[PDB]
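First, one chain by itself: the form deposited in one PDB entry, in structure tokens.
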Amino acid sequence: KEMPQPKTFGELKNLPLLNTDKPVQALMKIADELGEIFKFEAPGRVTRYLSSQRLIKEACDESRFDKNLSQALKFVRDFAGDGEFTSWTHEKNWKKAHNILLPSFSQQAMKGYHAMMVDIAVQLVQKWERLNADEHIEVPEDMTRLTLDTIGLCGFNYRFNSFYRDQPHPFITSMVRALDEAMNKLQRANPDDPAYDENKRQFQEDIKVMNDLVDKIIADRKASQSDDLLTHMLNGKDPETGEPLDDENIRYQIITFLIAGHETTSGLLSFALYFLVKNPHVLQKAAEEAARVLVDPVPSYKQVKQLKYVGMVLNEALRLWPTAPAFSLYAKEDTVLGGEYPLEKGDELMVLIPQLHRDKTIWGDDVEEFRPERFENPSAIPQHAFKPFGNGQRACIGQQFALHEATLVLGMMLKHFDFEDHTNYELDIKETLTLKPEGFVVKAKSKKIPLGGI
């Protein structure tokens, strides 16, 4: 079968279709028009975008495809290096990092992070209880304060103190600019036009800000007994090789985990709150569970694990708007995809996750509705139908960290406040490679339930 392909622009082929501030949403619209697979060509590069579970399940076969660095991740690698997110599976530092850092995500480790996650969640609840009657909440802004603070504290014993700042933390400002520039470089046909000189200067200055922060984390740790993610980065030995990470790689890991470890989580909490306010009956169910389950002044680790419906709400937000919305594969050898599409060794595929999650042959016709009951019995969901955390040995290492944090915080929010979508907010999804609502504001009325000490 010949592969569908969207409209072209002469010798720029499909490239100018990425000349938009919302490229993923543009690709989703193309997949809607063109179907489960389409080709996207740019000068000197081709990729194929997959949207159906039937083809994505094949792409998820690790004997035939391996993780690829999409052009977006190659640009991120300019500041994330061979950190765990932007390394190739065949690079020595990927498996060594994965082996050294995995223990930081064990259940025993998670039980150990719980108190520090509560410390930050209590700061969030206190900030909102302290608002005056005439004020409102800027949701994605506060969720980024919470999630950055939480990976800082749990992962690095470092306080960003983001709730002490009315503007974004300077790491956030540089990170966002750096991910923005990566996204913007995707549609640049001549990246070395001197018209991009100031883009390049500003990129370097952004990277220097992130690395100065990494310096402070490393120095604060030297000056400081912890056993956290940074402990394993600095001292952990890979059981296979017996070697620890080198200093250069360790700096890439800290940048990696500070970014990967909070940005997508902030997106998830923002979208879950959005869907809750837009679906009052769902919000009533979740708030009922939070009140029934969270009987103590602050939540315990077991209580969080008991918030089943809140967990379903977060999964159903990840179904509609997975906040790292694509991952890319390459063919290990020549092969035929779906019995219809021949690929040569090295050909790249991109999995368009929001489109996979709207495959009506899996989910039924009502894929746009927000229905957490979809996830009541997760074992009934077909393999490779639901993939917000990527695939196989390159799947997200921090998936349980993110879900525990989001479930704890959303459970505390729902216990402590009633929420009003006071402006009838129209969803506007800002892209910086990752997805988050922009402009989403709410009002929160305290239920005046006292909050225990940290």
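Numbering starts at 1 and follows the sequence shown.
Beyond the structure shown, there is the form deposited with a partner chain bound, which is absent from this document and is the topic of what follows.
Exactly one of the stretches 319-327, 254-262, 269-277, 372-380 approaches its partner chain in the entry with it bound with heavy atoms within 4.5 Å, and it is 372-380. In the entry with it bound, its partner chain lies farther than 4.5 Å from every heavy atom of residue 35.
Using a 4.5 Å cutoff between non-hydrogen atoms, residue 98 counts as a contact of its partner chain in the entry with it bound. In the entry with it bound, its partner chain lies farther than 4.5 Å from every heavy atom of residue 336. In the entry with it bound, its partner chain sits beyond 4.5 Å of every heavy atom of residue 342.
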